[PDB]
$ cat data-v5.txt   # compact mmCIF, C-alpha atoms and all ligand atoms
# COMPACT_ATOMS: atom_id res chain seq x y z
CA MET A 43 44.63 37.79 30.46
CA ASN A 44 44.46 41.43 31.47
CA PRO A 45 46.81 43.90 29.76
CA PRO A 46 49.15 46.05 31.81
CA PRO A 47 47.27 49.10 33.09
CA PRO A 48 47.73 52.49 31.43
CA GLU A 49 50.86 54.22 32.61
CA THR A 50 50.60 56.71 35.45
CA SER A 51 54.28 57.72 35.52
CA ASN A 52 56.75 58.44 32.73
CA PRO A 53 59.76 60.78 33.11
CA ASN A 54 59.82 61.19 29.32
CA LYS A 55 56.35 62.65 29.15
CA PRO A 56 56.16 66.44 29.50
CA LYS A 57 53.94 67.57 32.32
CA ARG A 58 53.04 70.56 34.43
CA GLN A 59 50.57 71.82 36.97
CA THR A 60 47.88 74.25 35.81
CA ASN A 61 44.93 75.73 37.66
CA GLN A 62 42.64 73.83 35.28
CA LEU A 63 44.33 70.53 36.17
CA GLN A 64 43.97 71.42 39.86
CA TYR A 65 40.24 71.89 39.27
CA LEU A 66 40.08 68.55 37.45
CA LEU A 67 41.42 66.88 40.61
CA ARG A 68 39.83 68.93 43.40
CA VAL A 69 36.37 69.31 41.77
CA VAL A 70 35.84 66.93 38.84
CA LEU A 71 37.59 63.75 39.97
CA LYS A 72 36.58 64.25 43.61
CA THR A 73 32.90 64.67 42.65
CA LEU A 74 32.79 61.57 40.46
CA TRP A 75 34.95 59.45 42.79
CA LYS A 76 32.56 59.81 45.76
CA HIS A 77 29.42 59.03 43.74
CA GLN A 78 27.48 55.89 44.60
CA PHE A 79 28.03 54.63 41.02
CA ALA A 80 31.79 55.31 40.93
CA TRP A 81 32.99 51.88 42.04
CA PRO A 82 33.09 50.02 38.67
CA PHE A 83 35.20 52.88 37.32
CA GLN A 84 37.65 53.20 40.23
CA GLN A 85 40.15 50.72 38.74
CA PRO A 86 40.88 49.01 35.39
CA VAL A 87 38.34 46.47 34.14
CA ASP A 88 39.43 43.03 35.36
CA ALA A 89 38.30 41.01 32.37
CA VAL A 90 39.48 37.77 33.97
CA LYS A 91 37.47 38.09 37.18
CA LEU A 92 34.44 39.51 35.33
CA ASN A 93 34.61 36.73 32.70
CA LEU A 94 34.76 39.18 29.78
CA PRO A 95 37.38 37.52 27.54
CA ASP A 96 36.39 39.78 24.64
CA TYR A 97 36.73 43.05 26.59
CA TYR A 98 40.31 43.90 25.60
CA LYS A 99 39.74 42.67 22.05
CA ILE A 100 37.12 45.40 21.66
CA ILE A 101 38.44 48.09 24.02
CA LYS A 102 41.90 48.97 22.73
CA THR A 103 42.32 52.22 24.72
CA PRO A 104 41.27 51.28 28.26
CA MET A 105 40.78 54.03 30.81
CA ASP A 106 39.39 54.26 34.35
CA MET A 107 39.22 56.76 37.20
CA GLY A 108 41.85 54.94 39.25
CA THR A 109 44.32 55.67 36.45
CA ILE A 110 43.05 59.25 36.11
CA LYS A 111 43.34 59.81 39.87
CA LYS A 112 46.94 58.59 39.91
CA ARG A 113 47.78 60.68 36.83
CA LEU A 114 46.37 63.79 38.51
CA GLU A 115 48.13 63.04 41.81
CA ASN A 116 51.39 62.45 39.87
CA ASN A 117 50.94 65.65 37.80
CA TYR A 118 51.22 63.40 34.72
CA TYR A 119 49.29 65.70 32.37
CA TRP A 120 50.47 68.69 30.37
CA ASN A 121 47.02 70.25 30.00
CA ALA A 122 43.37 69.90 30.89
CA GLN A 123 42.50 68.52 27.45
CA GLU A 124 44.62 65.41 28.04
CA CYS A 125 42.74 64.63 31.25
CA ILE A 126 39.29 65.45 29.82
CA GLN A 127 40.14 63.04 27.01
CA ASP A 128 40.83 60.27 29.55
CA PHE A 129 37.41 60.78 31.13
CA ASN A 130 35.71 60.71 27.73
CA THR A 131 37.63 57.57 26.75
CA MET A 132 36.40 55.90 29.93
CA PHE A 133 32.75 56.75 29.23
CA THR A 134 32.97 55.91 25.53
CA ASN A 135 34.57 52.52 26.26
CA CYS A 136 31.65 51.66 28.52
CA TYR A 137 29.10 52.61 25.85
CA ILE A 138 31.04 50.73 23.14
CA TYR A 139 31.30 47.50 25.12
CA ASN A 140 27.83 47.48 26.69
CA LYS A 141 24.35 48.21 25.38
CA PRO A 142 21.71 50.89 26.05
CA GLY A 143 19.87 50.44 29.32
CA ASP A 144 22.45 48.11 30.89
CA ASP A 145 23.07 48.90 34.56
CA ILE A 146 26.70 49.81 33.88
CA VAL A 147 25.59 52.22 31.14
CA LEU A 148 23.07 53.87 33.48
CA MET A 149 25.92 54.27 35.97
CA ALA A 150 28.25 55.78 33.37
CA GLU A 151 25.48 58.16 32.27
CA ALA A 152 24.96 59.42 35.82
CA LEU A 153 28.68 60.04 36.26
CA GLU A 154 28.96 61.63 32.82
CA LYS A 155 26.11 64.05 33.57
CA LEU A 156 28.02 65.32 36.62
CA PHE A 157 31.27 65.37 34.64
CA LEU A 158 29.62 67.60 32.04
CA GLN A 159 28.20 69.90 34.72
CA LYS A 160 31.61 70.32 36.34
CA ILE A 161 33.59 70.74 33.08
CA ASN A 162 31.16 73.50 32.09
CA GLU A 163 32.72 75.56 34.92
CA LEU A 164 36.37 74.81 34.14
CA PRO A 165 38.24 77.99 35.12
CA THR A 166 40.11 80.16 32.67
CA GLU A 167 43.83 79.37 32.59
CA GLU A 168 45.79 81.58 34.99
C1 LIG A 201 33.98 45.93 38.56
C2 LIG A 201 33.15 46.12 37.32
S1 LIG A 201 33.82 47.02 36.01
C3 LIG A 201 32.37 46.85 35.09
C4 LIG A 201 31.41 46.14 35.78
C5 LIG A 201 31.89 45.69 37.07
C6 LIG A 201 31.14 44.79 38.00
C7 LIG A 201 30.04 45.94 35.21
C8 LIG A 201 28.87 46.21 36.08
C9 LIG A 201 28.96 47.08 37.16
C10 LIG A 201 27.85 47.37 37.93
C11 LIG A 201 26.64 46.79 37.61
CL1 LIG A 201 25.24 47.16 38.57
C12 LIG A 201 26.52 45.92 36.55
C13 LIG A 201 27.64 45.62 35.79
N1 LIG A 201 29.78 45.63 33.99
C14 LIG A 201 30.92 45.34 33.10
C15 LIG A 201 30.42 44.62 31.84
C16 LIG A 201 29.83 43.29 32.29
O1 LIG A 201 30.39 42.60 33.13
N2 LIG A 201 28.65 42.96 31.75
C17 LIG A 201 27.93 41.77 32.16
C18 LIG A 201 27.18 41.92 33.46
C19 LIG A 201 27.60 41.23 34.59
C20 LIG A 201 26.94 41.39 35.80
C21 LIG A 201 25.86 42.25 35.93
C22 LIG A 201 25.23 42.44 37.24
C23 LIG A 201 24.24 43.27 37.58
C24 LIG A 201 23.85 43.42 38.99
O2 LIG A 201 22.99 44.23 39.37
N3 LIG A 201 24.46 42.57 39.82
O3 LIG A 201 23.73 41.96 40.84
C25 LIG A 201 25.43 42.93 34.78
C26 LIG A 201 26.08 42.76 33.57
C27 LIG A 201 31.61 46.64 32.78
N4 LIG A 201 31.70 47.31 31.65
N5 LIG A 201 32.42 48.48 31.90
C28 LIG A 201 32.73 48.49 33.17
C29 LIG A 201 33.47 49.57 33.87
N6 LIG A 201 32.25 47.34 33.78
$ encode --input "data-v5.txt" --output "C-alpha cells"
Amino acid sequence: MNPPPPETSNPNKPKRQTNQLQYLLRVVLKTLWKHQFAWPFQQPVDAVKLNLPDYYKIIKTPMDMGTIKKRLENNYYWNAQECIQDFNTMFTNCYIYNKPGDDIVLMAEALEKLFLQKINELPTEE
C-alpha cells in the first residue's frame, strides 16, 4: 500500500513568505514543472500502480514536485533552505532507488541540472 503523502498544510508549522521562496515558486518550480521530463515527479510515487512493493521500504522520506508545488502555493515553508531540501530529497530518492543510466535517473539528472542553474541565482534575502 502507498503511505499517506507528505503534508502540505499544518497550522502548527511556522511559515512565512520571503522573496527567496517567491523565486523558488516563480522561477525554480515553474522551470522544472514545465520540462518534458517533469511528469514522473509531478506527484507522489504510486508504488501500487507501478508494481514497486519495495519502494516505500527503501524510500523513507518521499518527496515529489506535486508536494513541493502545494507547499509553495500554501506558503508552508519558513525559509528557502526547507524547500531546497525537498528538491534534493526528491532527486536523492530517485538515485537511491534506481541505478545509473536508468531512464528515470536520466530524467532526474536533466531536471537537477536546471535546478542547480536556477538555485545559483537565488536572490539575496530582502
Ligand atoms: C509515474 C512514475 S514515477 C517513477 C516512474 C514513473 C513511470 C519511473 C519511470 C518514469 C519514466 C521512465 Cl521513461 C521510466 C521509468 N520509474 C520509477 C521506478 C520504476 O518503476 N522502475 C522500473 C521501470 C518501469 C518501467 C520503465 C519504462 C521505461 C519506458 O521507456 N517505458 O516505455 C522503466 C523502469 C520511478 N522511480 N522514481 C520515480 C519518480 N519513478
$ residues_near_ligand --input "data-v5.txt" --ligand "ligand LIG 201 (chain A)" --cutoff "9 Å" --atoms "all atoms listed in the file" --output "PyMOL selection string"
chain A and resi 79+81-89+91-94+97+106+132-133+135-137+139-140+144-150
$ closest_residue --input "data-v5.txt" --among "A:127, A:157, A:99, A:117" --to "residue 53 (chain A)" --atoms "all atoms listed in the file"
A:117
$ atom_distance --input "data-v5.txt" --atom1 "CA of residue 102 (chain A)" --atom2 "CA of residue 73 (chain A)"
26.9 Å
$ closest_residue --input "data-v5.txt" --among "A:120, A:45, A:57, A:126" --to "residue 160 (chain A)" --atoms "only C-alpha atoms"
A:126
$ atom_distance --input "data-v5.txt" --atom1 "CA of residue 67 (chain A)" --atom2 "CA of residue 122 (chain A)"
10.4 Å
$ atom_distance --input "data-v5.txt" --atom1 "CA of residue 153 (chain A)" --atom2 "CA of residue 52 (chain A)"
28.3 Å
$ residues_around --input "data-v5.txt" --residues "residue 128 (chain A)" --least-positions-apart "6" --cutoff "10 Å" --atoms "only C-alpha atoms" --output "VMD selection string"
chain A and resid 103 to 107 109 to 110 134
$ write_last_selection --input "data-v5.txt" --atoms "C-alpha atoms" --output "JSON list (two decimals), keeping the file's coordinate frame"
[["chain", "number", "residue", "atom", "x", "y", "z"],
["A", 103, "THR", "CA", 42.32, 52.22, 24.72],
["A", 104, "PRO", "CA", 41.27, 51.28, 28.26],
["A", 105, "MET", "CA", 40.78, 54.03, 30.81],
["A", 106, "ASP", "CA", 39.39, 54.26, 34.35],
["A", 107, "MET", "CA", 39.22, 56.76, 37.20],
["A", 109, "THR", "CA", 44.32, 55.67, 36.45],
["A", 110, "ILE", "CA", 43.05, 59.25, 36.11],
["A", 134, "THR", "CA", 32.97, 55.91, 25.53]]
$ residues_around --input "data-v5.txt" --residues "residue 61 (chain A)" --least-positions-apart "4" --cutoff "9 Å" --atoms "all atoms listed in the file" --output "PyMOL selection string"
chain A and resi 65-66+165-168
$ write_last_selection --input "data-v5.txt" --atoms "C-alpha atoms" --output "PDB file, keeping the file's coordinate frame"
ATOM      1  CA  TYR A  65      40.240  71.890  39.270  1.00  0.00           C
ATOM      2  CA  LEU A  66      40.080  68.550  37.450  1.00  0.00           C
ATOM      3  CA  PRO A 165      38.240  77.990  35.120  1.00  0.00           C
ATOM      4  CA  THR A 166      40.110  80.160  32.670  1.00  0.00           C
ATOM      5  CA  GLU A 167      43.830  79.370  32.590  1.00  0.00           C
ATOM      6  CA  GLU A 168      45.790  81.580  34.990  1.00  0.00           C
TER       7      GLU A 168
END
$ closest_residue --input "data-v5.txt" --among "A:80, A:119, A:96, A:43" --to "residue 55 (chain A)" --atoms "all atoms listed in the file"
A:119
$ axis_aligned_box --input "data-v5.txt" --around "region 104-111 of chain A" --padding-each-side "5 Å" --output "AutoDock Vina command-line options"
--center_x 41.8 --center_y 55.5 --center_z 34.1 --size_x 15.1 --size_y 18.5 --size_z 21.6
$ closest_residue --input "data-v5.txt" --among "A:111, A:152, A:161, A:44" --to "residue 123 (chain A)" --atoms "all atoms listed in the file"
A:161
$ closest_residue --input "data-v5.txt" --among "A:155, A:143, A:95, A:71" --to "residue 112 (chain A)" --atoms "only C-alpha atoms"
A:71
$ closest_residue --input "data-v5.txt" --among "A:158, A:69, A:63, A:90" --to "residue 121 (chain A)" --atoms "all atoms listed in the file"
A:63
$ residues_around --input "data-v5.txt" --residues "residue 113 (chain A)" --least-positions-apart "6" --cutoff "9 Å" --atoms "only C-alpha atoms" --output "list in words"
residues 49, 50, 51, 119 and 125 of chain A
$ decode --input "data-v5.txt" --residues "region 92-122 of chain A" --atoms "N, CA and C atoms" --output "short mmCIF file (atom, residue, chain, number, x, y, z; two decimals), in the first residue's frame"
data_model
loop_
_atom_site.label_atom_id
_atom_site.label_comp_id
_atom_site.auth_asym_id
_atom_site.auth_seq_id
_atom_site.Cartn_x
_atom_site.Cartn_y
_atom_site.Cartn_z
N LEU A 92 2.68 1.19 -10.02
CA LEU A 92 3.96 0.91 -10.68
C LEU A 92 4.54 -0.44 -10.29
N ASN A 93 3.89 -1.19 -9.41
CA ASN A 93 4.37 -2.51 -9.01
C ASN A 93 5.78 -2.43 -8.44
N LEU A 94 5.96 -1.52 -7.48
CA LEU A 94 7.22 -1.34 -6.76
C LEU A 94 6.96 -1.56 -5.28
N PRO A 95 6.66 -2.80 -4.87
CA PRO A 95 6.32 -3.04 -3.46
C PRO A 95 7.44 -2.71 -2.50
N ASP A 96 8.69 -2.67 -2.96
CA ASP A 96 9.80 -2.31 -2.09
C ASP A 96 10.05 -0.81 -1.99
N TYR A 97 9.36 0.01 -2.80
CA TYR A 97 9.73 1.43 -2.88
C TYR A 97 9.72 2.10 -1.51
N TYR A 98 8.62 1.99 -0.78
CA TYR A 98 8.49 2.68 0.49
C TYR A 98 9.09 1.90 1.66
N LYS A 99 9.73 0.77 1.38
CA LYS A 99 10.63 0.13 2.34
C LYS A 99 12.04 0.69 2.25
N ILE A 100 12.39 1.25 1.10
CA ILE A 100 13.70 1.82 0.86
C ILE A 100 13.68 3.34 0.99
N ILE A 101 12.63 3.97 0.48
CA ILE A 101 12.50 5.42 0.47
C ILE A 101 11.62 5.80 1.66
N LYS A 102 12.26 6.23 2.74
CA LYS A 102 11.55 6.56 3.97
C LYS A 102 11.22 8.05 4.10
N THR A 103 11.75 8.90 3.23
CA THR A 103 11.39 10.32 3.21
C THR A 103 10.99 10.66 1.78
N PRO A 104 9.79 10.25 1.37
CA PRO A 104 9.35 10.52 0.00
C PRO A 104 9.19 12.02 -0.25
N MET A 105 9.43 12.43 -1.49
CA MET A 105 9.18 13.82 -1.86
C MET A 105 8.99 13.89 -3.37
N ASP A 106 8.19 14.85 -3.81
CA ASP A 106 7.86 15.00 -5.22
C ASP A 106 7.49 16.46 -5.46
N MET A 107 7.47 16.85 -6.73
CA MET A 107 7.19 18.25 -7.06
C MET A 107 5.73 18.63 -6.88
N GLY A 108 4.80 17.68 -6.96
CA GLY A 108 3.43 18.00 -6.61
C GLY A 108 3.31 18.49 -5.18
N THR A 109 3.97 17.78 -4.26
CA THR A 109 4.01 18.20 -2.86
C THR A 109 4.70 19.55 -2.71
N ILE A 110 5.84 19.73 -3.39
CA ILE A 110 6.57 21.00 -3.30
C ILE A 110 5.71 22.14 -3.82
N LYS A 111 5.04 21.92 -4.95
CA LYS A 111 4.19 22.95 -5.55
C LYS A 111 3.10 23.37 -4.58
N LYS A 112 2.43 22.39 -3.96
CA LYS A 112 1.38 22.72 -2.99
C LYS A 112 1.95 23.44 -1.78
N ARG A 113 3.13 23.00 -1.30
CA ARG A 113 3.75 23.67 -0.17
C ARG A 113 4.07 25.12 -0.50
N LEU A 114 4.60 25.37 -1.69
CA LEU A 114 4.89 26.75 -2.09
C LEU A 114 3.61 27.56 -2.22
N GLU A 115 2.59 27.00 -2.87
CA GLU A 115 1.32 27.71 -3.03
C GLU A 115 0.65 27.98 -1.69
N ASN A 116 0.84 27.09 -0.72
CA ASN A 116 0.28 27.24 0.62
C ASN A 116 1.18 28.04 1.56
N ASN A 117 2.31 28.54 1.08
CA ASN A 117 3.28 29.25 1.92
C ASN A 117 3.66 28.43 3.15
N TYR A 118 3.89 27.13 2.94
CA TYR A 118 4.14 26.16 4.01
C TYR A 118 5.53 26.31 4.62
N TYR A 119 6.48 26.86 3.88
CA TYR A 119 7.87 26.90 4.31
C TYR A 119 8.16 28.12 5.17
N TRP A 120 9.17 27.98 6.04
CA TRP A 120 9.72 29.13 6.75
C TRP A 120 10.87 29.78 6.00
N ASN A 121 11.66 29.00 5.27
CA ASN A 121 12.79 29.58 4.56
C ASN A 121 13.08 28.79 3.30
N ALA A 122 13.97 29.35 2.49
CA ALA A 122 14.35 28.73 1.22
C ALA A 122 15.02 27.38 1.45
#
